[PDB]
Amino acid sequence: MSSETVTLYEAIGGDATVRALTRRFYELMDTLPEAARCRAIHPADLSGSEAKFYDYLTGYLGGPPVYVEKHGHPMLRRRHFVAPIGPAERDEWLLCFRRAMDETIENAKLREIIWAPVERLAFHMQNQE
Ligand code: HEM
Numbered sequence: 001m002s003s004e005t006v007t008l009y010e011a012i013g014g015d016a017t018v019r020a021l022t023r024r025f026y027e028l029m030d031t032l033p034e035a036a037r038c039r040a041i042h043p044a045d046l047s048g049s050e051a052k053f054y055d056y057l058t059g060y061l062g063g064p065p066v067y068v069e070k071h072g073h074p075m076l077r078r079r080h081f082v083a084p085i086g087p088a089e090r091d092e093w094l095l096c097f098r099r100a101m102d103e104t105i106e107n108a109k110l111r112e113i114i115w116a117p118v119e120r121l122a123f124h125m126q127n128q129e
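For the sequence shown, the authors' numbering gives the first residue as 1, with consecutive numbering after it.
Right, here's the structure in full:
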């Protein structure tokens, strides 16, 4: 929606915010020693991962459906099956996503709206242990 209601994308500040969110996420993943397990299973060059997550989040939050346009149906559990994701990879991903959100999305109510379903998805991507 845009006029009396608005989308989450609109609400958090749209493209500049999703850009900052996704950038800060991979930065924390690359620089925090506590995120080393999650970092270990990602590609040595994070550039392509960032592009895809940014496109995924853009569509997911009510912005333009750019991820689907390029890659088709998300099918995330299947796409994540190629990485070995145990509790550690899972909680370290959630560590970085939480901190990236807290730092880039000012509105607490919008962070709560986004977080609960993402944390559900993360537990659902876990494929080990
Ligand atoms: C358990 C937590 C998670 C871990 C450890 C994890 C890890 C990974 C890894 C290793 C990749 C492959 C990177 C690449 O191809 O460059 C990936 C891709 C991706 N992840 Fe996750 N992920 C997790 C949860 C999530 C969640 C909850 C979402 C959605 C909010 C998500 C969205 C994506 C997307 C859109 C891709 C690109 C898929 C594609 O290849 O088209 N991930 N993730």
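Heads up, the beta-carbon is just placed ideally off N, CA and C, and yes, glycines get one too.
Whole angstroms are fine: how far does the CA of residue j sit from the CA of residue i?
i	j	result
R90	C38	7 Å
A100	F25	5 Å
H73	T58	15 Å
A44	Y67	22 Å
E106	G63	18 Å
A11	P117	17 Å
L94	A83	16 Å
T104	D15	12 Å
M1	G48	30 Å
To which residues does DSSP link residue i through a beta bridge?
i	result
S2	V6
For a test of your reading of the model: does the CB of residue i fall under 7 Å from any non-hydrogen atom of the ligand HEM? Yes or no.
i	result
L61	no
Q128	no
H73	no
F53	yes
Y26	no
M101	no
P43	yes
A36	no
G48	yes
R90	yes
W93	yes
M125	yes
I85	yes
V118	yes
Quick one: what's got a C-beta closer than 8 Å to residue i's C-beta in the same chain, skipping five residues either side?
i	result
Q126	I85, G86, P87, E89, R90
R98	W115
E129	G86, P87
Once you ignore the five residues that flank residue i on each side, which residues in its own chain have a CB closer than 7 Å to its CB?
i	result
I113	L8
Ignore the nearest five residues each way along the sequence and tell me which others in residue i's own chain have a CB closer than 6 Å to its CB.
i	result
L61	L8, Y9
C96	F25, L28, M29, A35
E50	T22, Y26
Looking at C-beta atoms only, is the number of pairs between the stretch 15–32 and the stretch 42–57 that lie closer than 8 Å three or more?
Flag = yes, the stretch 15–32 and the stretch 42–57 touch.
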